[PDB]
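Peer 1: model this:
(8 chains)
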Amino acid sequence: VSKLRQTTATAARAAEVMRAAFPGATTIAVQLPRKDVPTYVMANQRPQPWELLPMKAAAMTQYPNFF
Amino acid sequence: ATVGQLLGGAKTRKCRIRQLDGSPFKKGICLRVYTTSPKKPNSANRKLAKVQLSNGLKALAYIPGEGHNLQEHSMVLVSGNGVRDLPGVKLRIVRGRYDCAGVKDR
Amino acid sequence: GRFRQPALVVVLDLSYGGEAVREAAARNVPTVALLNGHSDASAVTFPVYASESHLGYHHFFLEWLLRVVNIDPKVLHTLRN
Amino acid sequence: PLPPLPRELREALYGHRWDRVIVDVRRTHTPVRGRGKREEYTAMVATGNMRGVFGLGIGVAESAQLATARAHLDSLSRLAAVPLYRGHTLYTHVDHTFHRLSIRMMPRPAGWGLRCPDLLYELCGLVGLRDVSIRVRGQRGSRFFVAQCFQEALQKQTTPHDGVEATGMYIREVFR
Amino acid sequence: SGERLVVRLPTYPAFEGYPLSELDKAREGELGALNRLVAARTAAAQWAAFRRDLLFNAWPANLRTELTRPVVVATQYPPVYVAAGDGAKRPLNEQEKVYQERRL
Amino acid sequence: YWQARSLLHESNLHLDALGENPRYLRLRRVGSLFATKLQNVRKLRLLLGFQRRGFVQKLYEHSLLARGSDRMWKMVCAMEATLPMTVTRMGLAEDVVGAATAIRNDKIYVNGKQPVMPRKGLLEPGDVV
RNA sequence: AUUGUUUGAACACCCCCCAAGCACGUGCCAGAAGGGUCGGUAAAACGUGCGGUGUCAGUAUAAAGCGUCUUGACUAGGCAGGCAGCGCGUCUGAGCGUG
RNA sequence: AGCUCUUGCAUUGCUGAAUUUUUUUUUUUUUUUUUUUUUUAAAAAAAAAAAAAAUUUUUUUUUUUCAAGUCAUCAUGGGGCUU
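Peer 2: Numbers count the residues shown, from 1 in each chain, chains lettered A, B, ... in the order given. Now the structure:
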């Protein structure tokens, strides 16, 4: 049941990854340095690794083609 | 990752004996009581049993023990062990039940 | 002392002495060799970048080799002074 | 035939403790010009001292006692030394492949026990590994290759005591 | 003579680092120091537990639930008070503190 | 030096070499057999005389779940916390089996009147017998 | 607080895997087996007695699910070479994209 | 106890066949130099060099396989025999 309850724990931790990565850009919204739509990550049943899209966007915006 | 592999993974949970139909033991009426000669290097006449089973389908059954008493119209309990020495036959008649009881002085 | 077994084999021909470097590696003896460009010299411990092609290199190498082995340094100190 | 024994090995048999394990004995076959089918018994003997010096010996002969004795003395000729942590576990994770066999070896904290397959239990008790989880993958059908693979896989790892002199950087605090 | 000797829950070889003059500063490495200190701490704690277990040395229930005997009040240990039959508030009896400590 | 050997050095008391200067060939080397494990479990149960599986299995999981320092000074501590071994440490019987008969009478007086748990123990520190 | 002395009973197994071996019986017959298979007249597997190993008021058989199985591989297979590169190209899908 | 009774597919021994040719390439003696073991000494070991050479009237001698043959060579397992 802790799979269900521990979904949104990292969701509120992703928002300051947005704000301390991108001042002035706003469930979280992720602007990968590619086509103009910011790309959205949000809740489900199966819990998510929040800060893969924010963390990846900070990676690719600071250091393009990091991967 | 590679999205073909992402769609690349409920199949048929296959009963490895398809005649007991997932159950361990099914009874039935013996259609014919007959023996046969086996594959070489075996040549002893093994005694078998064709049974009209519980599930309405038919398969051959190994008859164990020092002789038996099974004739036409005779009910048995069929188990799940096979006899290897002839191909395609997967059934064992358990003894300790019905008209097929235990042998004398085992 | 006793027990005459080798301590350092120096090789002045890799081509006809490749097994000598290999056997010295198998005996855990360090080696000094001249590179020829044909044999597997992956077992040389101390490579010397010569190529067995010179009587002049042989005179130079053997001449310093003999002039350091034949005379003890205190004798050179007494000889210069 | 006669098997060899040296002089300076005779401070070691009077020295360390020693144990002996036959790995497997195998009968090979050859049809030969002239008289028929000549067989040899190939025997593989491991020998350690339970303090981190390990040995392997492969022997070939015509009869089983002579083959096992030859591999017995060949292992005791051929010894290699393996570093452990305080005589019970290995320093790093260890992965290796001899012929084409995927061994995977991990350290475990002491008192885990050996969670370990059949011959490798006597092998780890031989060299002195008390607390290691292993699994071997690939075609595991040969004892000889898991023995040789295990010797090389022990030889693969890295030691921390070759640094503190020359790295300027002191190496301590093992508290998890 | 007597002492406790405990080997630490014995760990992996470690990620393991400290600056260089701490070698001249510190005396004994932390496995021996943790052995001595953890020996002292576990000795004192298990002495307290041992003295308590040594100095230990109705159930009819069938309940139609009647409110006969007095009542005591993640659960916040130690218990708060004892509520009697007569509406009185009192602190814990000594025996009740004993069997509260046995209960845990 | 001679005494206090390694607690898992029981392969020096089974077969030895370089201390028998005779019979250079034909020396028996140990094969890959698990029967020494099964007979060692036999050495474990014969120290209780008890039915083979359930008791040593239950004590094995209790030995895992009690503390996690190691499995050698603590697994035999799980052996030693048992009551028949405890009576053998007191010395009220010739052996473990006679002590088991004495506790089968309930002549024993653990923690006041009787042990609440007769077959399993387990005597925690602080429990009188 | 009171006193006396003691280990049952079965089931399966006993060639290798897998701990455990012999007698008579019958000799590719009665038979057993999960696999390799053993019996083709001197059976360490089958008829029975003895003897022994496992579990024990349980034990074996049968099935079923997972693991072993990296045996659908993300951790973790690969694809001239066992089985696996589409005959080749155009190709704005999706995905990866600072010279 | 005795078989000349059986069984050469129960055997020991001995032999048949062609497997017809191979049986000389190898050491020893001596020299030089040197080092391994033992409380005044031999072997041993190692580098090199030189000579002696390998049995018999010239064939015997060394050789792989056939359930090859022989229980009447003796032997001997089993079975048979003893008005």
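
Peer 1: how many other residues sit next to the closest residue in space to residue F:72 that isn't next to it in sequence?
Peer 2: Once flanking residues are discounted, residue F:72 sits nearest to residue F:7: 5.6 Å by Cβ to Cβ, 6 or more residues apart in numbering or on different chains. In short, each C-beta sits where N, CA and C put it, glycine included. Neighbour count of residue F:7, defined by other Cβ atoms under 10 Å in any protein chain shown: 10.

Peer 1: Surely residue F:7 is in contact with residue F:70?
Peer 2: No - at 9.9 Å, residue F:7 does not count as touching residue F:70 under the criterion of Cβ atoms under 8 Å.

Peer 1: before we move on, what SS does the spatially most central residue of chain F have?
Peer 2: Compute the mean C-alpha point of chain F, and by Cα atoms, centre = their mean the closest residue is residue F:44, 4.8 Å away. What DSSP: H, G, I helix; E, B strand; the rest coil gives for residue F:44 is helix.

Peer 1: Which residue ranges of the chain form helices?
Peer 2: With no chain named, the answer covers chain A. Using DSSP state H, the helices of chain A run over residues A:2-5, A:11-21, A:53-62.

Peer 1: You answered for a different chain; I wanted chain C.
Peer 2: Here chain C has its helices, by DSSP H, at C:18-26, C:55-69, C:73-80.

Peer 1: Tell me which of those helices is the most buried.
Peer 2: For the helices of chain C, the largest average neighbour count (mean count of other Cβ atoms under 10 Å in any protein chain shown) is found in helix C:18-26, namely a mean of 16.

Peer 1: residue in chain C nearest to RNA strand G?
Peer 2: In chain C, the residue that lies nearest RNA strand G is residue C:40 (23.7 Å; Cβ to the nearest atom of the strand).

Peer 1: residue contacts, that residue?
Peer 2: For residue C:40, the contact set (Cβ atoms under 8 Å, 6 or more residues apart in numbering or on different chains) comprises residue C:18.

Peer 1: Can you give me the neighbour number for residue 65?
Peer 2: Let's take chain A. Neighbours of residue A:65 (other Cβ under 10 Å): 7.

Peer 1: nope, chain F
Peer 2: Look at residue F:65: counted by other Cβ under 10 Å, it has 9 neighbours.

Peer 1: how close does it get to RNA strand G?
Peer 2: Using Cβ to the nearest atom of the strand, to the nearest Å, residue F:65 is found at 20 Å from RNA strand G.

Peer 1: Is that residue within a helix or a strand, and which one?
Peer 2: Secondary structure assigned from DSSP states H and E places residue F:65 in helix F:52-66.

Peer 1: Can that helix be said to contact chain D?
Peer 2: No - no part of helix F:52-66 sits near chain D under the criterion Cβ under 8 Å from any Cβ of the partner chain; the closest distance found is 10.1 Å.

Peer 1: Which strands or helices does that helix pack on?
Peer 2: If you count contacts as 3 or more Cβ pairs under 8 Å, 6 or more residues apart in numbering or on different chains; DSSP states H and E, helix F:52-66 packs onto helix F:35-46, helix F:75-80.

Peer 1: buried sites along the last one?
Peer 2: In terms of neighbour count (16 or more other Cβ atoms under 10 Å in any protein chain shown), helix F:75-80 has its buried residues at F:75, F:78-80.

Peer 1: Check the first one too.
Peer 2: Neighbour-count burial for helix F:35-46, with 16+ other Cβ under 10 Å as criterion, is recorded at residue F:44.

Peer 1: So what does residue D:61 look like in phi/psi?
Peer 2: When quoted as degrees, to the nearest 10, the phi and psi of residue D:61 stand at phi -160, psi -180.

Peer 1: Excluding residues flanking it in the chain, which one is nearest it?
Peer 2: Leaving aside its chain neighbours, residue D:61 sits nearest to residue D:67 (3.9 Å; criterion: Cβ to Cβ, 6+ apart).

Peer 1: Double-check that the one you found belongs to a strand.
Peer 2: No - in this structure, residue D:67 is helix, not part of a strand, as judged by three-state DSSP.

Peer 1: Tell me if I'm right that it and residue D:42 touch.
Peer 2: Yes - between residue D:67 and residue D:42 there is a contact under Cβ under 8 Å: 6.7 Å.

Peer 1: out of the two, which sits in the busier spot?
Peer 2: For residue D:67 versus residue D:42, the count of surrounding residues by other Cβ under 10 Å is larger for residue D:67: 23 against 17.

Peer 1: And the residue positioned nearest the centre of chain A, how far from RNA strand G?
Peer 2: In chain A, the centroid-proximal residue (Cα atoms, centre = their mean) is residue A:54; its distance is 3.2 Å. With distances taken as Cβ to the nearest atom of the strand, residue A:54 is found 14 Å from RNA strand G.

Peer 1: How about the contacts made by that residue?
Peer 2: Neighbouring residues of residue A:54 by Cβ under 8 Å, 6+ apart: A:14, A:17-18, A:21, A:28, A:30, A:41.

Peer 1: Mind doing that once more with 10 Å?
Peer 2: With contacts defined as Cβ atoms under 10 Å, 6 or more residues apart in numbering or on different chains, residue A:54 is in contact with A:13-22, A:28-32, A:41.
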